[PDB]
Amino acid sequence: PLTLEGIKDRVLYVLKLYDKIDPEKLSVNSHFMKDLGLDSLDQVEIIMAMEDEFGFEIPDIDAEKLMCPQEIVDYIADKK
Amino acid sequence: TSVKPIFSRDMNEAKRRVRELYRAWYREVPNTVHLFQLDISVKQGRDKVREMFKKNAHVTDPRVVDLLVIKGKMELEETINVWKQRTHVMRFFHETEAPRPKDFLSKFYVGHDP
Amino acid sequence: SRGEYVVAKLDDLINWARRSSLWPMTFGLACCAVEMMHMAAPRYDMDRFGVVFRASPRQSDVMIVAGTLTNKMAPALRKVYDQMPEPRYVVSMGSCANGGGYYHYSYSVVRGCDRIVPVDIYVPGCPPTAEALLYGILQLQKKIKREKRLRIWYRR
Amino acid sequence: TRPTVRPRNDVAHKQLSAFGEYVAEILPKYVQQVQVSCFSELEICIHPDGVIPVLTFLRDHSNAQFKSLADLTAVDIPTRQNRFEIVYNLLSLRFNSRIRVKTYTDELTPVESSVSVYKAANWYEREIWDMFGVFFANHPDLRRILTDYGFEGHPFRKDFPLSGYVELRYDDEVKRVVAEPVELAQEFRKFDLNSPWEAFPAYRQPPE
Amino acid sequence: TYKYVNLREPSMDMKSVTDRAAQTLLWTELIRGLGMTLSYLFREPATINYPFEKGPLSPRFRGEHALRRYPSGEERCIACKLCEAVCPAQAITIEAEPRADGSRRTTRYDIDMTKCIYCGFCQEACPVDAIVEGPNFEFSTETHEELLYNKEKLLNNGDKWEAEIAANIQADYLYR
Amino acid sequence: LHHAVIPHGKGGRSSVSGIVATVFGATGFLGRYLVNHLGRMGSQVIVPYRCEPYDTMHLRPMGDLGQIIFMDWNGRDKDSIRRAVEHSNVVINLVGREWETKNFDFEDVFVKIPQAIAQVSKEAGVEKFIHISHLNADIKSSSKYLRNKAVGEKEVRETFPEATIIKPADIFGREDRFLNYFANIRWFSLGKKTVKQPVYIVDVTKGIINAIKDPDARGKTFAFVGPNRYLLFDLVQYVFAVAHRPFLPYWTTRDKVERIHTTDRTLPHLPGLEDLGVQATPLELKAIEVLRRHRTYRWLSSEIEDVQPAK
Ligand SMILES: NC(=O)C1=CN([C@@H]2O[C@H](COP(=O)(O)OP(=O)(O)OC[C@H]3O[C@@H](n4cnc5c(N)ncnc54)[C@H](OP(=O)(O)O)[C@@H]3O)[C@@H](O)[C@H]2O)C=CC1
Ligand code: SF4
Ligand code: SF4
Ligand code: SF4
């Protein structure tokens, strides 16, 4: 079931599962860094939270350069 | 005044190292709070971890950021080992108050002090 | 008054029994431990008093804190001290332990071992003599003569 | 003269003079000062870029064996541009000799971790890390030895006070040992013990 | 000059090898060790019997931190603070006032028996021999409060004996 | 006022506070934690004990060097209580045994004790007398225990009128009485509908030390109730779920079972925790603290396995 909607639904419910998200407000260009008020600390929290949920090795530069949930969807689409 | 470096040549590798250490301290906290048989919720622990990272927000020198990364990695060595004790990890918490104020007025009644 | 009389006799029995054996354990940090070893020297026997070494923390009666209690040691000291049965006693042996002493104004040194455990008997001297330490143990046995526990329990 | 005054030697003095000039001749890249006291123990004063070359030369080269090592305590000195002093103390076995290698450093610049040439240097280097904080690049193992684990602050510096900041006690509120800011029951009365009237005339630096 | 050890070898004579075999079998010098221990068994033991037979001492022993006084006279201390200036753990707290005559004295002369270390440096420093180490070593205190001696405790401690301290110093003044 | 009562410096480990305390009881639970916060606060604590000196050795290392002091007393003399309150800034009355002996009933403890100490305290010129008591003291029947504490509250508001009577509800702590009574149910359980509202002991003694250092405390009785207010059967489910011991529901007086099956009501006639200005902590994390004994290596380490609602 590894299409675009499976990856997008799984990223959607795990960012639902994240608690401190301010506000809910998920978008394909949501940009939770500078539209939702989250630091690089919470950036790397979210990235390795995906890695904790099902993830790959997710190297720290490729982990470091994601910044946006739809690009995370396309990143797992590129890697899975 | 070209100082010999520690690890990097500018601050970008320092940022990479400190975010990697924060990744490690994120995944290592619930192991310790499950292992030392404490009495603290996991989210309280993770939030005081990121508070202890945010305590050093103003640091800019690359050698100094490298040395903080080396300190944090040495303590994560000491917590992947069980070489420390319950006392030290509770000592990172500030739970026995110490409720010492910040207002001028309470510091005036309990005074001799600014 | 036969009730208080019989309870008094039995309390005297058990208090005599408590002050009889009194085997300690060997914590023994620094040179006060060497003085403990010379309290195990044959010129001043402890086994005249049923007082035996016993390295386990699980059957000693008194415990001799003897040495310079540091911060790296002190939680391990209390985590020995607690897992020890309900009659427990502390002999603070030496100037380091009885109030900090010669390393008092320093980091990493506990200023007096009342900051970790309670203390029954202080025995000063750096080191104590074997004779002075033996005097302290005799005074502790006289404290065990001064118990009146079971009289208190009956008259409650 | 003859009583109460330690008679100085001349044989070892002249020999260590010649030997210091020998080392200064043969390593001109890493020699800044060679000096001999009146009691004739050699000091060689060193920029910290040839520490491993000088040690590999001094353990070997067969004109001076120098097998044995003693500690390198970087004695904490302010007012200098580079603060600390790494003090090697080399003790030979075939010669009955004592040389000292004082190389200098400061608070952040690492030195090149002499463990790879002297196996004895490992715990001494961990000691100077834990007590001063001179980080040692190219080193296998840097833990903290002879302190508490949760403690920091590198207490042998002049900036760290005589009694510590932290203090441990027990409380039954959480049934454990906790830490508190320091409270002393007596002031530790410091004594002014510095006499006037020019205690030694020979050691006057040239005044401003 | 040196004398090194275990330059030895198993000698290959037949009486030698059969004696080493008999020692392998019967553990013979093991029985010799038993015999040595029994030779200390029948030896008379050397202990003392504490409350009744005390152990010996020395005339120069270091005890109490007591104080003397003159023949029917004043307190011998004159508050010169040399004892604190040599006191290594600073266990000598001295606050001084002159008394109501003009002669100089103290107010507070506290020795911390905890923080003391029993050098003898305050014996060697006191210019009039006013503070003296006692002979006896029996303090053994059930509280922490009652090992902090005040001035009147020290002087009542020094009036518990002087003939003791006079005897020890009189037999020991020429040495030091 | 006399000098060396004035405060000095950062509080803790020989900073002279403005209080000299005289604490009745203190061998057991609540007085021990109160002495613990006073020794952290750095006061001078007169405590009497009528018992064997081992418990007074137990509370010895709590205060600093010589800050605590001990004496002996009884419920039968007047010289000892007068010698206790010769020199006392503040004085608190904690006393009360959960079971009657053959000499001291629940009658005459709360009649002979608080009258005598209240009378000699008012005649001794103390300030800020604080007497503890329980919630739901009724003059009516069904509890010898609670009606004697009701008569105790009546006497302590009767004499020395500007005192402070403080009642909490039932208290749970690191060495709680009632959850450690729920220990003994494991070898044998009774279930009825009754509301209940426990409160943790250290914020209780935080409110006590704030009210003992702060005037406006006299006259107005205070009530200390935690934020919980829930049902007995949910507490039993919760404690056997944290303990992970399997259960099938159906040193002890019947006064005990009357206490835990009476009720727990509210009174908005008087202020409480946050109206005095002290934080209240809920049940669950302190329950994870205090249930470490009963698990025995099966589910010994767990945190968030179970949540139980209030009402
Ligand atoms: N929710 C509430 O409001 C409740 C409050 N409490 C209070 O909590 C506190 C702590 O509880 P708890 O540990 O059970 O009580 P306590 O430890 O305070 O017990 C009373 C103390 O006074 C002593 N004492 C008791 N009876 C007598 C007597 N007849 N003569 C002389 N001395 C006596 C006891 O001595 P010893 O032990 O040394 O023999 C004990 O130290 C108490 O003050 C109690 O009243 C209790 C229950 C409910
Ligand atoms: S008190 Fe004296 S003899 Fe004892 S450990 Fe300290 S220095 Fe050694
Ligand atoms: S050295 Fe002697 S005379 Fe001087 S102050 Fe001390 S005790 Fe007094
Ligand atoms: S013997 Fe004791 S009081 Fe005297 S100088 Fe030494 S430490 Fe101080």
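Throughout what follows, the structure given in this document is the object of discussion. (Residues numbered from 1 in each chain as written, not as in the entry; some residues may be left out. Chains lettered and ligands numbered in written order. Part of a larger assembly, values for the part shown. Heavy atoms only, no water.)

**Digging into the overall build of chain B**
And then number 1: Counting its secondary structure elements, chain B contains five helices and zero strands.
And then number 2: Order of helices (α) and strands (β) in chain B, N terminus to C terminus: α-α-α-α-α.
And then number 3: Taking 114 residues into account, the globule formula puts the C-alpha radius of gyration at 13 Å, and chain B, at 18 Å, lies well above it.
And then number 4: Taking the principal axes of the C-alpha coordinates as reference, chain B spans close to 50 × 45 × 20 Å.
And then number 5: Going through the 114 residues of chain B one by one, you find that 35% of them count as buried.
And then number 6: Within chain B, contacts between residues at least 6 apart in sequence are counted, and of these 73% link residues at least 24 apart.
And then number 7: Within the structure as shown, chain B displays about 7600 Å² of accessible surface, and the carbon and sulfur contribution to it stands at 56%.
And then number 8: Once the 23 positive and 16 negative side-chain charges of chain B are each reduced to a mean point, those two points are 4 Å apart. (Helix = DSSP H or I, 4+ residues; strand = E, 2+ residues; numbered from the N terminus. Rg over C-alpha atoms; globule rule 2.2 N^0.38 Å. Buried < 20%, exposed > 50% of the residue type's maximum accessible area, 1.4 Å probe, protein only. Contact = heavy atoms within 4.5 Å. Areas by Shrake-Rupley, 256 points an atom, 1.4 Å probe, with all protein chains shown as cover. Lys, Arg positive; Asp, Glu negative; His and termini not counted. Charge placed at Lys NZ, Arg CZ, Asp CG, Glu CD.)

**Some words on the pairing of strand 1 (residues 20-23) of chain F**
A regular strand places its side chains on the two faces of the sheet in alternate fashion.
Residues and elements named next belong to chain F.
And then number 1: Here three bridges tie strand 1 to strand 2 (residues 44-48), and the two strands are oriented parallel to one another. The residue bridging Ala 21 from the neighbouring strand is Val 45, located in strand 2.
And then number 2: Running through helix 1 (residues 30-41), the crossover from strand 1 to the neighbouring parallel element strand 2 is right-handed. (Pairing = 2+ DSSP bridges. Right-handed = clockwise from strand over helix to strand, strands pointing away.)

**With respect to the packing of helix 1 (residues 2-20) of chain C against helix 4 (residues 130-145) of chain C**
All names here are of chain C.
And then number 1: At a minimum axis separation of 8 Å, helix 1 and helix 4 run at an interaxial angle of 165°. When the axis of helix 1 is compared with that of helix 4, the two are roughly antiparallel. You can see that helix 1 and helix 4 cross each other, and the crossing is right-handed. Across the interface between the two elements, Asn 15, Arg 18 and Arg 19 from helix 1 touch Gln 141, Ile 144 and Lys 145 from helix 4.
And then number 2: Residue classes in the contact of helix 1 with helix 4 are distributed as one nonpolar, two polar and three charged. (Axes fitted to C-alpha atoms, helices over the stretch in contact; angles between N-to-C directions. Parallel < 35°, antiparallel > 145°, perpendicular 65-115°, else oblique. Left-handed = near helix turned anticlockwise from the far one by under 90°. Nonpolar A, V, L, I, M, F, W, Y, C, P; charged D, E, K, R; others polar.)

**Some thoughts on the site of ligand 4**
And then number 1: Around ligand 4, a shell composed of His 65, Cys 87, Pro 88, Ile 92, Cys 116, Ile 117, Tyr 118, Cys 119, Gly 120 and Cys 122 of chain E is seen.
And then number 2: The residue makeup of the shell around ligand 4, split by class, is eight nonpolar, two polar and no charged. (Near = heavy atom within 4 Å.)

**Concerning the nonpolar core**
And then number 1: Counting 52 residues, the largest nonpolar core has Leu 34, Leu 38, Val 45, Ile 92, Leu 179, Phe 182 and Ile 201 of chain F as its most contacted members.
And then number 2: Those residues in contact with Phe 182 of chain F that lie beyond four places of it in its chain are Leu 235, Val 236 and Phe 240 of chain F. (Core = buried A, V, L, I, M, F, W, Y, C linked by side-chain atoms within 4.5 Å.)

**So, the interface of chain F and chain E**
And then number 1: Taken residue by residue, the interface counts five residues in chain F and five residues in chain E.
And then number 2: At the junction of chain F and chain E, the tally comes to zero salt bridges.
And then number 3: For the pair chain F and chain E, the interface holds one residue pair in polar contact.
And then number 4: Split into classes, the residues belonging to the side of chain F that touches chain E amount to three nonpolar, one polar and one charged. (Salt bridge = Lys/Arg side-chain N within 4 Å of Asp/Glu carboxyl O. Polar contact = N/O pair within 3.5 Å; in protein donor to acceptor, adjacent residues only side chain to side chain.)

**Overview of the interface of chain C and chain E**
And then number 1: Taken together, the contacts link 31 residues of chain C with 27 residues of chain E.
And then number 2: Taken together, both faces of the contact between chain C and chain E bury some 2500 Å²; the carbon and sulfur share is 61%.
And then number 3: When the buried area of chain C at its contact with chain E is split by residue, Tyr 102, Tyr 122 and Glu 131 of chain C rank highest and sum to 24% of it.
And then number 4: Here chain C and chain E share two salt bridges between them.
And then number 5: Two residues, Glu 142 of chain E and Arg 146 of chain C, come together in a salt bridge whose shortest N-O distance is 2.7 Å.
And then number 6: For the interface between chain C and chain E, the tally reads six residue pairs in polar contact.
And then number 7: Going through the elements one at a time, strand 3 (121-123) and helix 4 of chain C are the ones with two or more residues in the side of chain C that touches chain E.
And then number 8: The element that contributes the greatest number of residues to the side of chain C that touches chain E is helix 4 of chain C, accounting for eight residues.
And then number 9: Residues that form the side of chain C that touches chain E fall into these classes: 14 nonpolar, nine polar and eight charged. (Buried area = accessible area lost by both parts, 1.4 Å probe.)

**Let's talk about helix 4 (residues 69-79) of chain A**
And then number 1: What helix 4 of chain A keeps buried is the set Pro 69, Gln 70, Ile 72, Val 73, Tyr 75 and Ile 76 of chain A.
And then number 2: Buried positions along helix 4 of chain A lie against helix 1 (4-17), helix 2 (40-53) and helix 3 (60-64) of chain A.

**A few points about the environment of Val 115 of chain D**
All names here are of chain D.
And then number 1: Tracing the backbone through its elements, the reader meets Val 115 in the loop between strand 5 (98-104) and helix 3 (121-131).
And then number 2: Once the C-alpha coordinates of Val 115 and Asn 138 are considered, the two residues, 23 residues apart in sequence, prove to be 9.3 Å apart.
And then number 3: Setting aside anything within four residues of it in sequence, one finds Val 115 in contact with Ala 121, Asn 122, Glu 125, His 139 and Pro 140.

**Regarding the sheet that holds strand 1 (residues 62-65) of chain C**
All names here are of chain C.
And then number 1: The strand order across the open sheet formed by three strands is 1-2-3, and the pairing between neighbours is parallel. Every other strand in the sheet has two partners, leaving strand 1 and strand 3 as the edge strands with one partner each. Averaged over neighbouring strand pairs, the angle between their axes works out to 20° when direction is ignored.
And then number 2: Sheet topology note: the strand 1/strand 2 (residues 89-93) ladder contains four bridges and is parallel. Its bridge partner lying in strand 2, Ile 64 is registered against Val 91.
And then number 3: The sheet strands contacting helix 4 are strand 1, strand 2 and strand 3, and the helix crosses strand 3 at an angle near 165°.

**Focus on the sheet that holds strand 1 (residues 33-36) of chain D**
Residue and element names in this part refer to chain D.
And then number 1: Taken in spatial order, the five strands make up an open sheet running 1-2-5-4-3, and their pairing is mixed. Unpaired on one side and paired on the other, strand 1 and strand 3 (68-70) mark the two borders of the sheet. Between one strand and the next, the sheet's axes are offset by a mean angle of 25°, whatever the strand orientation.
And then number 2: The pairing of strand 4 (residues 85-91) with strand 5 spans seven bridges and is classified as antiparallel. The partner of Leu 90 across the bridge, within strand 5, is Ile 99.
And then number 3: With respect to the sheet, helix 2 (residues 51-58) is in contact with strand 4 and strand 5, its orientation differing from that of strand 4 by roughly 10°.

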